[PDB]
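Below you will find one chain, with nothing else, as structure tokens; this is the form deposited in one PDB entry, and questions on how it binds or moves follow later.
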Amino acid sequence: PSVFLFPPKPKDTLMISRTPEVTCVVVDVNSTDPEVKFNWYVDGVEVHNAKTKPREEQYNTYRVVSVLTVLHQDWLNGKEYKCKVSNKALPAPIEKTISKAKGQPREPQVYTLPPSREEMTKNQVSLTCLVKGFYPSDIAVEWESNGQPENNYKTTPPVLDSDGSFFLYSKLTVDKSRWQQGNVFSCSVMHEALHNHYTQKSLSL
């Protein structure tokens, strides 16, 4: 018996449109009694609105999931979520808790950065978005142009900087021509320390 507790995605907690969930995975439950109940605890008080997914025999044992929709404000305010798993004839229930990382939240700085001169000898070129000074590391970055989402972009993991804040870069790739004929590209950042959790910074020739 091993129990794994997963947090919601940042984007899910930052946009009120989306639905943030905490999922409780239990695996390696002996096929003897694969009957298991879930007790969910939000900051002490128990809650009872957790969908519990139908058990599924893994090829090797059973694995089952309990899903709990969370309130955007609760998670961001730092309430602990507690997953108590109960199994008939199991010495004691297992308890796993989760909460958003603790620490002074801190607003990210977003600078857009055009390609180098030496890079203009290719047919693709690199538009850079630097995002730094933020805390916690949970963040979301996307490129777009003319309100259309962009594609050839990859974003580094957050890296821990020397002041305890985090930074990342995001690299967008567009053909020299798209950038050459003017054209405005745009780096989007989602983070709990921004106003309305969101910022645009743009970049053109």
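We number the residues from 1 along the sequence you see.
Unmodelled residues of the deposited sequence between residue 162 and residue 163: none, the chain being continuous. On average the C-alpha atoms of 89 to 97 have higher B-factors than those of the other stretch, with 89 to 97 and 125 to 133 being the two compared. Taking only CA atoms, the mean B-factor in the PDB entry is higher for 172 to 180 than for the other of 172 to 180 and 136 to 144. Among the modelled residues of the chain, residue 83 sits in the middle third by CA temperature factor in this PDB entry. Compared with the other modelled residues of the chain, the Cα B-factor recorded for residue 71 ranks in the middle third. Among the modelled residues of its chain, residue 155 has a C-alpha B-factor that falls in the lowest third, as given in the PDB entry. In the deposited entry, the Cα temperature factor of residue 59 sits in the top third of values across the chain's modelled residues. For residue 7, the recorded CA B-factor ranks within the middle third of the chain. Only modelled residues enter the ranking.
The next section is about a form of this same protein that is not shown, the form deposited with a partner chain bound.
Although the partner is absent here, residue 76 sits close enough that one of its heavy atoms falls within 4.5 Å of its partner chain in the deposited bound form. Of the heavy atoms in residue 22, none are within 4.5 Å of its partner chain in the deposited bound form. In the deposited bound form, its partner chain lies farther than 4.5 Å from every heavy atom of residue 101.
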